[PDB]
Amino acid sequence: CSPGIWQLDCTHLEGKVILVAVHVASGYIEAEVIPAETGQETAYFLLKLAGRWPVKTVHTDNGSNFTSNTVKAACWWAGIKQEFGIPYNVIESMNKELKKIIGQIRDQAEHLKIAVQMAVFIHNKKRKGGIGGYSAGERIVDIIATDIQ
């Protein structure tokens, strides 16, 4: 998988909206509770993501927030190719994993948005079986560093 490829989508929990991005090659994720499932919030999130990593292509759903003029303008400005594919054709399974972790730690936080970030942390730091090997957070840095050469 190319080091520049991400998948993005929204999932829902406690009547709130969570935007989730996955770096396909590594399994690293970033997620944010957003106030509304709008193009403005999606574009804001995409600009944050693009300033952090060398984002070349984002695969997204085809809902109005992802097809909005403001997401298109954000992608154009940041040099991101947006890909939609066949309508309703990694991200979904990641929604499920994220929600599982959130459930595991939900009582450890007072507000859902804090729990979301605790769950992202747990996901990105996790080593398979808890012993050695690499975490997703290490894999994304290794892949990107190697691509830079």
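Start at 1 and count along the sequence shown; that's the residue number.
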Missing residues, deposited sequence, between residue 108 and residue 109 (class: none, 1 to 3, 4 to 9, 10 or more): none
Pick between 135 to 143 and 13 to 21: the one whose mean CA B-factor in the entry is higher. 13 to 21
Comparing 66 to 74 with 109 to 117, the higher average Cα temperature factor in the PDB entry belongs to 109 to 117
Looking at 88, 53, 28, 84, which has the highest CA B-factor as recorded? 88
In the PDB entry, which of 36, 102, 43, 49 has its C-alpha at the highest B-factor? 36
Residue 94 - Cα temperature factor, lowest/middle/highest third of chain: highest
